[PDB]
Amino acid sequence: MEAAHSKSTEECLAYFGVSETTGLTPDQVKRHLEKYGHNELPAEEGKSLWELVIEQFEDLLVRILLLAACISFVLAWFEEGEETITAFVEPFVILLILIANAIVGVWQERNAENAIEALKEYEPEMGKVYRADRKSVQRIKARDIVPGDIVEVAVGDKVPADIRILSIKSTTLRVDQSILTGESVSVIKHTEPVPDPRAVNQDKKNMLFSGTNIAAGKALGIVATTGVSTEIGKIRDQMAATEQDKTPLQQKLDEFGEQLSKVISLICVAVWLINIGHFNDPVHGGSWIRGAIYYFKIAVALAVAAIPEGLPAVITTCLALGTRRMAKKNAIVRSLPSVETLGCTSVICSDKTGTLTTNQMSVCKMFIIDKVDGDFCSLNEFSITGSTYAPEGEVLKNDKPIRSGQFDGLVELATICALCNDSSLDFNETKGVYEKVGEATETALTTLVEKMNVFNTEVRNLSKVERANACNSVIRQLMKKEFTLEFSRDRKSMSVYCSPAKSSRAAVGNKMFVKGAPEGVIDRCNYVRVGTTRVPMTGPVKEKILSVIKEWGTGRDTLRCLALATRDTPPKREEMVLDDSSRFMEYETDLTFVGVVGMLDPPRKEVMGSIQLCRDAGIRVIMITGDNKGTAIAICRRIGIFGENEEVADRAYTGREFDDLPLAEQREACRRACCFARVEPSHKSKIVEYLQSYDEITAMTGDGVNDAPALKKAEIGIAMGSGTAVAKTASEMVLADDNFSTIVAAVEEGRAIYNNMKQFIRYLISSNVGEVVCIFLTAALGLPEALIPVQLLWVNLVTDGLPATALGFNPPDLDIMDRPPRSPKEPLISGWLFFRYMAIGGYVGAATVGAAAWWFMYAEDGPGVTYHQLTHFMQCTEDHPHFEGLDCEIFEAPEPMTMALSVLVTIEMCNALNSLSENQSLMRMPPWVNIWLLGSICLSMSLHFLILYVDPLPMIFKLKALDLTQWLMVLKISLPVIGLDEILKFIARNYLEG
Ligand SMILES: Nc1ncnc2c1ncn2[C@@H]1O[C@H](COP(=O)(O)OP(=O)(O)CP(=O)(O)O)[C@@H](O)[C@H]1O
Ligand SMILES: [Ca+2]
Ligand SMILES: [Ca+2]
Ligand SMILES: [Ca+2]
Ligand SMILES: [K+]
């Protein structure tokens, strides 16, 4: 623990007793661990309490059913309701369905949190340190960092601990501290003390805070605090729920449920008025109150029955489920809406290097000049074996291994690769593999240098740890690096200013060593080095060099290329201003060309496939990269973005060609082109923005800081697990896998969630419309009543709970990934689907009324009132308007009513079987494609049998039905509802639209 941004850099080193360049000793690390513990927060636990989660009773349609239960609990406390205990049952036929859905949602939520926590904890965060046991920097688990050690951070990195800055290697250091300070744009740092002890974080301009991101630059620091003492460590618990709101589709279904309240309300108030007449009837003594209280109970029960009380939970669930499924594919969802949004994406923009490609670079080819004689220019080309970062391989010329030191050009070439380089190698002792520290492109040069061994340095007798940077160090010992002009994407090159080492010859000349995109670099060369010699750049020499670059980048290896140059006579340091990055290009002029290196960088295995799937799902894939256009077009071909011969003259563009276009033309180019190359970070963002101007849902995939703006602009930003912390911070999803296949899976999951939300609604609407159609069909046709308040509450508990919820576990449709993407502003409910809600709701309305009627008429066990119903119910007591007074009251027989109640349950459970797929037949999508549904159905049917046959219960709900023959008819009236939808599905299937 050091308490000061306010002590000097010397004082900090001395406090911890550390040598700035070596780092802590093994024993020091031992002590510091003991005294300071591991660099991690304890928390890591809790989050949502079991009870906290349970409270999604907080919704809308749930509060309605909630209150409804209150009243049925209060109407019951007044000793009445119609039948004593039957009124205390009511409040529980209501809560039960709420409790069921609550349990499911809670369970889904728990499993989700878990799966995610599993995936997040999987891959250990690493840091870079200099420690006394190793000359070059090394990577260690971030939790093993202690106060006192020398840490290295560079553009892209998450700052691993609270660090006091020692040394800024770049000309500036910019940092993203939003997570801590709310400071929206990156901020500049220095290494000078900040006197004020009580200084607020924003003024700690010589400190790097754990959890912030290096936006730009490279720095060396010493760790002040770790773990909980960390600036962001103190503030973990605090903060009043920075957790946001809900998803578009969620607010949509929500809004939709909002207006269903209105309608159901009205239909209910209606039911009350429609029946304000039967208020005096003998059934409730005709009391001038007992009649309206009953029908008010009928309306309320009809309401609780009509309201899709489960809709809120099923969204929550399908969501928690998609997150869980994605977690299983090693995708981390940082933002809930991302799966649904991905669901209707029409365009996937994608970075090339490290995203479409593995970013495992190896220098496999190189050249320098050989002869220059007038229009004749010849190169010395070489090949290099070893594909990994291991310093193991050969330099081949003409199939014979050569001693690089033999060629003065290679000596210089390796010198440049070694000095103009912000990366290094670190040998992982446990994995037994050489790993990069820093950027792949640079590390590839490091391993190259080790392979070239141009000064014939003795390395055979070195450990694998030492062997990793041995020849590079040799070069470093030979030239002092005064300073570095950081790589920048406008100039697309990078520089180092160096002086001869021992200062023994303090004027044999200073040099700058330059490396960069070949086109820019070759343009700024005026000389060409030939061995130890120098001759002027000419057309022929340049054409030669460029064409071999073209050859390599377009050939079967699709080589990523770089030019290497030296500035033989650099400006005086004093004439050089380090303040403005924009003057670096001029400093990097009048160059001598030395050579080119060509890098191998294999495409990911799963990409070509994923793209085909996008193509099938109507999804466009665009490659966007800073790399040369040649290599980018070639790669696109290799992975299927472009055909192997496809003309691409106006389907591929460099940033410059794209800028040369009018705005209108740029927008258009984005609609046809699929390869954008040598484009800056601003270009990436613009392209995405253009796609969005066609009101399209755009995804962006990337890994590097040049991608963060586009990543933030897209609808869904997807970062690679292997990429920069900056790219991850700007994303909604992270592929911890680095597996590009997952993107397509996410799309499909998001497509499936929508479809499940759909069938759920279709089931509730078409069914509940039916129930309401019943109450109005009998009351209008002038029949005995079909149902009673509690009977209503029961078809509710049994047809609107788990059978509905279960549809959320529907399997994806057969063609789900073979249609195009749904426009996001598609009316939630199609014009045709509404007719389908009615055709079904109608059969349900008229099948449940026909059942009670059939009992009164065609039913043997029942009376034989025979067609016309004898017409009315004017009889009542003993023989009234005498039209065959053979039976007294019959109506008020539980039988006709229990009958309808059982066609209702049965026929609802029947057309939930229609809700496995929008338009697919039960033929291609059989009932057993969703087992969860079949279980729920059995649960309800069986629950319905209980109520009917367990002796005390039928009294509470109204007496039973002859197993043998009654059911035969219920089942005979109900089964057709499957036949009816199956005609409807066929209609919209055999004729297709949507
Ligand atoms: N460290 C470095 N020093 C010098 N030149 C570099 C460099 N890193 C990259 N370059 C060159 O600059 C060019 C532009 O880099 P930029 O980062 O925009 O793209 P990229 O091609 O490296 C990444 P991607 O394919 O994801 O877009 C690279 O293609 C390469 O030629
Ligand atoms: Ca309901
Ligand atoms: Ca990249
Ligand atoms: Ca229902
Ligand atoms: K975004």
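Structural remarks
- Of the criteria (1) surrounded by fewer than 15 Cβ atoms within 10 Å (Cβ to Cβ); (2) within 27 Å of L792 (Cβ to Cβ), which one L913 fails: (1)
- Members of region 855-896 found to be of a type in the set (A, V, I, L, M, F, W, C), farther than 19 Å from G285 by Cα and in a loop (DSSP other than H, G, I, E, B), listed by number: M857, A859, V865, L870, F883, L886
- Residue within region 303-323 that is charged (D, E, K, R) and in contact with a strand residue (DSSP E or B) (Cβ under 9 Å, 6 or more places away or on another chain) present: no
- Residue in region 718-729 that is assigned to a helix (DSSP H, G or I), more than 16 Å from ligand 5 (Cβ to nearest atom), within 27 Å of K605 (Cβ to Cβ) and touching a residue at least 24 places away in the same chain (Cβ under 8 Å) present: yes
- Summed over region 686-717, residues that are assigned to a helix (DSSP H, G or I), of a type outside the set (A, V, I, L, M) and either in contact with a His (Cβ under 9 Å, 6 or more places away or on another chain) or within 15 Å of ligand 3 (Cβ to nearest atom) (or both) total 3.
- Filter result for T631 (surrounded by fewer than 20 Cβ atoms within 10 Å (Cβ to Cβ) and either within 21 Å of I718 (Cα to Cα) or of a type in the set (S, T, Y) (or both)): no
- From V200, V187, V228, residue being in contact (Cβ under 8 Å) with a residue 24 or more places away in the chain and of a type in the set (A, V, I, L, M, F, W, C): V228
- Exactly one residue out of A115, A132, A161, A100 is among the small types (G, A, S) and under 26 Å from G704 (Cα atoms): that is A161.
- Residues satisfying the stated conditions in region 305-337, i.e. in a loop (DSSP other than H, G, I, E, B) and within 16 Å of ligand 4 (Cβ to nearest atom): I307, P308, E309, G310
- Sub-6 Å Cβ pairs linking a first residue in region 351-367 that is part of a loop (DSSP other than H, G, I, E, B) to a second residue that is away from ligand 2 (no atom under 16 Å from the Cβ) and among the acidic types (D, E), at least 6 apart or interchain, are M361/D601, ordered by first then second residue.
- Residue count for region 403-460 satisfying the condition of being farther than 23 Å from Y497 by Cα and among the β-branched types (V, I, T): 4.
- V734 satisfies every condition listed in (1) more than 16 Å from ligand 2 (Cβ to nearest atom); (2) in a helix (DSSP H, G or I); (3) not hydroxyl-bearing (S, T, Y) except (2).
- Residues located in region 75-96, provided they are closer than 20 Å to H944 by Cβ, surrounded by fewer than 17 Cβ atoms within 10 Å (Cβ to Cβ) and acidic (D, E): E83
- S581 being under 43 Å from the mean Cα position of the chain (by Cα), closer than 26 Å to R489 by Cα and of a type in the set (S, T, N, Q): yes
- Of all residues in region 635-651, those satisfying the criterion of being out of contact with any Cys (no Cβ under 8 Å at 6 or more places or on another chain) and under 19 Å from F740 (Cβ atoms) are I635, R637, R638, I639, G640.
- Among the conditions (1) out of contact with any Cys (no Cβ under 7 Å at 6 or more places or on another chain); (2) buried (at least 20 other Cβ atoms within 10 Å of the Cβ); (3) part of a helix (DSSP H, G or I), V977 misses just one, which is (1).
- Residues of region 55-65 include none that is closer than 30 Å to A142 by Cα and loosely packed, with under 12 Cβ neighbours inside 10 Å.
- Test: residue in region 867-885 that is closer than 30 Å to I307 by Cβ and either surrounded by 13 or more Cβ atoms within 10 Å (Cβ to Cβ) or within 16 Å of ligand 3 (Cβ to nearest atom) (or both): no
- When residues of region 687-707 are limited to those that are under 14 Å from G626 (Cβ atoms) and not acidic (D, E), the one surrounded by the most Cβ atoms within 10 Å (Cβ to Cβ): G702
- Residue match in region 908-916 (condition: out of contact with any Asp or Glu (no Cβ under 8 Å at 6 or more places or on another chain) and more than 16 Å from ligand 4 (Cβ to nearest atom)): yes
- The lone exception for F945 - which of (1) assigned to a helix (DSSP H, G or I); (2) touching a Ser or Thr at 6+ places or on another chain (Cβ under 8 Å); (3) within 30 Å of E860 (Cα to Cα); (4) not aliphatic (A, V, I, L, M) it fails: (2)
- Taken together, the residues in region 625-640 that are polar (S, T, N, Q) and either within 16 Å of ligand 4 (Cβ to nearest atom) or part of a loop (DSSP other than H, G, I, E, B) (or both) amount to 2.
- Region 509-589 holds helices (runs of 4 or more DSSP H) entirely within its bounds, and those carrying 2 or more residues that are farther than 30 Å from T358 by Cα map to 539-554, 584-587.
- Contacts under 6 angstrom Cβ, first residue in region 788-804 being closer than 14 Å to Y763 by Cβ and more than 16 Å from ligand 3 (Cβ to nearest atom), partner in a helix (DSSP H, G or I) and of a type in the set (D, E), 6 or more apart: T799/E908
- Residue match in region 114-131 (condition: on the phi < 0 side of the Ramachandran plot, touching a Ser or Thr at 6+ places or on another chain (Cβ under 6 Å) and among the hydrophobic types (A, V, I, L, M, F, W, C)): no
- Within region 487-507, residues that are over 12 Å from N421 (Cα atoms) sit with their Cβ atoms under 8 Å from residues that are within 16 Å of ligand 3 (Cβ to nearest atom) and part of a loop (DSSP other than H, G, I, E, B), at 6+ positions apart or across chains, in these pairs: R489/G626; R489/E680; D490/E680; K492/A517; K492/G626; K492/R678.
Just so you know, all these numbers are worked out from the coordinates, no wet-lab data involved. Reconstructed Cβ throughout: ideal geometry from the backbone, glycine too, with neighbour counts over all protein chains shown.
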